[PDB]
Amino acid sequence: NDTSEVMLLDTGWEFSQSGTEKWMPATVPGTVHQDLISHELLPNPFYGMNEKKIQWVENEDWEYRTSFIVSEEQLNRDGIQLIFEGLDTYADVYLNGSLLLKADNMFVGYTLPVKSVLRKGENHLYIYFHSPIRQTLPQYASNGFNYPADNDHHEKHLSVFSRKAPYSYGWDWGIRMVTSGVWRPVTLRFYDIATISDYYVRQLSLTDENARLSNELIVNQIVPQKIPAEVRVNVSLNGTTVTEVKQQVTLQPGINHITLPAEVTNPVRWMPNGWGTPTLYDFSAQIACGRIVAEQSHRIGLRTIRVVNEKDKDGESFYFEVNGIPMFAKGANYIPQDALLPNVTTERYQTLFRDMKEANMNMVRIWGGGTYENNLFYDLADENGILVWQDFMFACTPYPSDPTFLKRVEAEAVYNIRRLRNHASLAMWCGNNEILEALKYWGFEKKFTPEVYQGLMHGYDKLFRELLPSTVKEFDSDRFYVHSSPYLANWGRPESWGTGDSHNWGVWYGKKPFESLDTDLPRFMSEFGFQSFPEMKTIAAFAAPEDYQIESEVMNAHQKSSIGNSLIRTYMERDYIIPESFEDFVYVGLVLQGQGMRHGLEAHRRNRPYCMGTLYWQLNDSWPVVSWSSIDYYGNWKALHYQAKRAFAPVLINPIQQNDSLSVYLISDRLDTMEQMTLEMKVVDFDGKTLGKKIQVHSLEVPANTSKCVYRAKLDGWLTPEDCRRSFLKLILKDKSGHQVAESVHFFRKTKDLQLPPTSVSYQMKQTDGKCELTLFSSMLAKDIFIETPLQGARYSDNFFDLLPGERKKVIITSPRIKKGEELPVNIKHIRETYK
């Protein structure tokens, strides 16, 4: 790219519990905890009861060191920077007897000039990590009150004082692992003349005819003299130059600001998943001095995103318009993928994006108790067409608002805005998760003096209604900012539901039936959710078979919701027969979570345009645990993930039965209108036998981006109460020529009320390396089948589906660990097997 040399400081690291003078080898980027685990100086933190056994670690201070060689030629480079991409969190950095930095913010990268401090030969870098606990005890003692951060699992709520991942202190799906370390990469760059400190591609306008861009560079020149240079930007697509521009300058010592306009005639637009291809241009900036001294590139998607948050007859809208088109959001809330962030590999990031894309998602919310994600996460979002909703890292509690605290926050906002603002995927910023709801509704006015309450409320505006929005206005001025999610709507106050986004915790916390999701509608569902135990092979990762009970000591470690296990059973009983075995209860809870949550995702699409988005709580897990996730910590799709895929299909046939009547909707998020369509339905008993005749509705159109009712029939005079216990509605949609575009199955009763016949799902298997093809068959309906394998992370073409009477079904299972002639264990469960 340029004449610079980059040296990665990622080997030869050692660490030491401070005070012990004992050093061991370490892995950087990494965490104190992993370094310990690696030397069997800690038990597996995720196993059994080990959570209390690992806590002493947050009480110690930790030291890291490494050495490296610098040559005489390297020392003669004009400039040399040490970059820390992340230090978790209070870290005194020493190089060659010099204090370079007293770091205090996990979310900020630090760029340090070090040429004057480096030595020909060996060079020594020592980092001292103060315990974030010990560091902040004096700060808490001075405070004279404990902030109400309930997810901070300690008597003293020290999380609020530290710019450090909130979930690291614990969360209602998480293990408390208050860790430290060089958590992102350390690099040394030897260079001449200058570096590009920032390259921002600012889009000025975009139409079908022309994109106009402004390339804004910040160049830090490190030499004393004036340096003539030419600044060049190359725009290319798939390896071919689309435009080139250049500018003559003379660079002065210190910072230089350079602006180059550029246009792309007839731009190829970036579109979200479902609406086209996520086209990314390559924008390359270079500083040329008679030598390319510095270069920086971004991949750039040309699109418009506008969040429309406007007064209207229903209250206040909250939706996304993408390239001019209202786009119904389909997605989920994302949390950190591990208790130990640097453990998450490229592959795990890649598979997670495959999981979102395969489930037809077009949006992910990076919720405010995690981190601002790494550059890879956003690159993946860009290339998968996944819009990103970015919370700032504040969740559930009020925070300090003193000048020093606000200076630290300003630093991280400026850092991460500039870091992330070139991503096509980045759709909006949100100041916090639920802090205004908390201050309004969670009873603080009874827990604090009126004086401290008032300081909390003034402290809110300082940060969320002034500092954060001004910073966005300055550094990302065409991106939407909202102070909090949910901004106004509260789940207990129906009057508020037509105003902005909702977190509807009526289901789950409010104990409301899944059917409440059909009546209790938001403008945009930014959270709603339901727990499940993960499958058996995940339980066996943390629990020995002795412990396989809901309420074992090992189980209950792994349940961070203290009302959780009881709600699951309560809800199961409403809709399913509760199984006697632990294994079968786990199976039915997967089915339960999946069926209830998809009924909600359907209600939200069905009720477009009133509702314009749904993001379920939650996508993923940071460790082996019972949670609201649709994908467990090992990558295994729960029922919910297959059900989200189906509920989010571009065209969906949605039968909805209420008041002893059936309605059928056709729901499209396609950009084209379908014409001359035929919906066809027939009632089929559980042995395979059609009941009555096929029902036809011809001449249907399905306009782009609409939900419409095309069929209603009362159940009375159609099916007896007995038929409803014994049959199902099969539904297909086809074009004029009879080509199937969609299908659905509908049951008229709750599963516990169905007369399921006893039955055997048989299968043939054809197994090769990396692959099994299974062919399944049952003469009678088999309800909600679970094809279970002991192979962690095995992927399925389908699972958690109804095997219909006498209808063969192909299922492909893939995994790098599938060996030809080591026959894959397969256990097939279905509802009827679960009770006798």
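All residue numbers are counted from 1 along the displayed sequence. We call the rigid core whatever largest set of C-alpha positions still superposes within 1.5 Å between the two forms.
Comparing 416-424 with 555-563 by root mean square Cα distance to the shown form in 7 other deposited structures of this protein, with the rigid core used for the fit, gives 555-563 as the more displaced stretch. After a core fit, the C-alpha atoms in 7 other deposited structures of this protein lie farther on average from the shown form in one of 449-457 and 546-554, namely 546-554. The stretch of deposited sequence separating residue 121 from residue 122 contains no residues lacking coordinates in this entry. Stretch comparison (467-475 versus 686-694) by mean CA B-factor in the PDB entry places 686-694 on top. A summary of the deposited B-factors shows that, of 731-739 and 632-640, the stretch with the larger mean C-alpha value is 731-739. Reading the B-factor column for the CA atoms of 787, 32, 54, 794 in the entry, the top value corresponds to 54.
Of all the options 546, 379, 295, 373, the entry's greatest CA B-factor is assigned to 546. Ranked by C-alpha B-factor against the other modelled residues of its chain, residue 721 falls in the highest third. The entry lists a Cα temperature factor for residue 586 that places it in the middle third of the chain's modelled residues. Residue 227 sits in the highest third of its chain by CA B factor, as recorded in the PDB entry. In the PDB entry, a CA B factor belonging to the middle third of its chain's modelled residues is recorded for residue 147. The deposited CA B-factor of residue 73 belongs to the highest third of values across its chain.
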